[PDB]
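What follows is a set of notes on a single structure, which appears directly below.
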Amino acid sequence: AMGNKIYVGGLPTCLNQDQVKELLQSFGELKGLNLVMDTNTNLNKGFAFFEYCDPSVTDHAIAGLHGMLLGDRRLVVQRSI
């Protein structure tokens with residue numbers, strides 16, 4: 001039982017996953033980030049899926065990360081579907 005994948009539905013198309021990953025890593029060590037991108041435009045779909053190195057960070061991360069990002073743009077963070 002090692003599956004604590006997180007969903008962020010607040011990806012700005014103005015930035016790349018490298019930017020968001022760094023924001024996600026603010027809560028803990030990132031183990032993997034899947035930015036769902038539109039291969040036609042090379043832009044983000046507006047959401048991504050990630051997971052920390054530690055499974056316990058997940059619950060702690062969502063708690064603060066849900067609604068955290070500079071400006072009007074924000075991250076909708078929750079357990080991934």
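Residues are named by chain letter and number: chains run A, B, ... in the order of the structure tokens, numbers start at 1 in each chain, and ligands are numbered from 1 in the order shown.
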Region 20-77 of chain A residues near region 5-15 of chain A within 8 Å, closest pair each, using only C-alpha atoms, as CSV:
residue,atom,partner,partner_atom,distance
A:20,CA,A:11,CA,7.6
A:43,CA,A:13,CA,5.6
A:44,CA,A:13,CA,5.2
A:45,CA,A:11,CA,7.3
A:46,CA,A:11,CA,4.2
A:47,CA,A:9,CA,4.1
A:48,CA,A:8,CA,5.3
A:49,CA,A:7,CA,4.6
A:50,CA,A:6,CA,5.1
A:51,CA,A:5,CA,4.7
A:52,CA,A:5,CA,7.9
A:58,CA,A:6,CA,7.0
A:62,CA,A:6,CA,7.8
A:73,CA,A:12,CA,6.9
A:74,CA,A:10,CA,5.5
A:75,CA,A:10,CA,4.1
A:76,CA,A:9,CA,4.7
A:77,CA,A:8,CA,4.4
Inset, instruction - For CA of residue 1 (chain A) and CA of residue 19 (chain A), determine how far apart the two atoms are, in Å to one decimal place. - result: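 Computing it gives 29.3 Å between the two atoms.
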Legend entry - Atomic distance CA of residue 24 (chain A) - CA of residue 61 (chain A), expressed in Å with one decimal: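 The value is 8.0 Å.
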Inset, instruction - Identify all residues of chain A in alpha helix (DSSP H) (DSSP on the backbone) and supply them as a VMD selection string. - result: chain A and resid 17 to 24 57 to 65
Inset, instruction - Within 6 Å of residue 53 (chain A), counting only C-alpha atoms, which residues show up once you throw out same-chain ones fewer than 4 positions away? Write them as a VMD selection string, please. - result: chain A and resid 29 to 31
Inset, instruction - Please give the complete set of residues from region 1-79 of chain A that DSSP, run on the backbone, assigns to strand (DSSP E), formatted as a PyMOL selection string. - result: chain A and resi 6-8+30-38+43-52+77-79
For the residues selected in the previous step, produce a file with C-alpha atoms as a PDB file, in the first residue's frame.
ATOM      1  CA  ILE A   6      -1.982  13.895  -5.355  1.00  0.00           C
ATOM      2  CA  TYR A   7      -3.988  15.909  -7.853  1.00  0.00           C
ATOM      3  CA  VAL A   8      -3.497  19.605  -8.516  1.00  0.00           C
ATOM      4  CA  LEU A  30       8.933  15.110  -4.678  1.00  0.00           C
ATOM      5  CA  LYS A  31       9.172  11.568  -6.006  1.00  0.00           C
ATOM      6  CA  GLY A  32       7.423  12.120  -9.316  1.00  0.00           C
ATOM      7  CA  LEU A  33       5.358  14.730 -11.133  1.00  0.00           C
ATOM      8  CA  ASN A  34       3.125  14.057 -14.115  1.00  0.00           C
ATOM      9  CA  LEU A  35       2.100  17.292 -15.753  1.00  0.00           C
ATOM     10  CA  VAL A  36      -0.721  16.549 -18.148  1.00  0.00           C
ATOM     11  CA  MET A  37       0.185  18.684 -21.129  1.00  0.00           C
ATOM     12  CA  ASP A  38      -1.448  19.444 -24.460  1.00  0.00           C
ATOM     13  CA  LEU A  43       0.821  23.950 -22.825  1.00  0.00           C
ATOM     14  CA  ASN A  44      -0.533  22.554 -19.557  1.00  0.00           C
ATOM     15  CA  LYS A  45      -4.039  21.086 -19.304  1.00  0.00           C
ATOM     16  CA  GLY A  46      -4.542  23.028 -16.095  1.00  0.00           C
ATOM     17  CA  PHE A  47      -3.868  20.086 -13.807  1.00  0.00           C
ATOM     18  CA  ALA A  48      -1.135  17.660 -12.787  1.00  0.00           C
ATOM     19  CA  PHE A  49      -0.562  14.584 -10.628  1.00  0.00           C
ATOM     20  CA  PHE A  50       2.303  14.093  -8.188  1.00  0.00           C
ATOM     21  CA  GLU A  51       3.539  12.136  -5.181  1.00  0.00           C
ATOM     22  CA  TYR A  52       6.097  12.792  -2.458  1.00  0.00           C
ATOM     23  CA  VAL A  77      -4.783  20.055  -4.384  1.00  0.00           C
ATOM     24  CA  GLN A  78      -6.413  16.802  -3.296  1.00  0.00           C
ATOM     25  CA  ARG A  79      -6.011  13.024  -3.411  1.00  0.00           C
TER      26      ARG A  79
END
Legend entry - Two-atom distance - CA of residue 16 (chain A), CA of residue 72 (chain A) (Å):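 Here the two named atoms are 17.1 Å from each other.
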Legend entry - Distance criterion (only C-alpha atoms): nearest to residue 64 (chain A) out of A:39, A:3, A:80, A:27: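 Using only C-alpha atoms, residue 64 (chain A) sits closest to A:27.
Shortest separation to residue 66 (chain A) among A:17, A:81, A:23, A:2 occurs at residue A:23, atoms counted being only C-alpha atoms.
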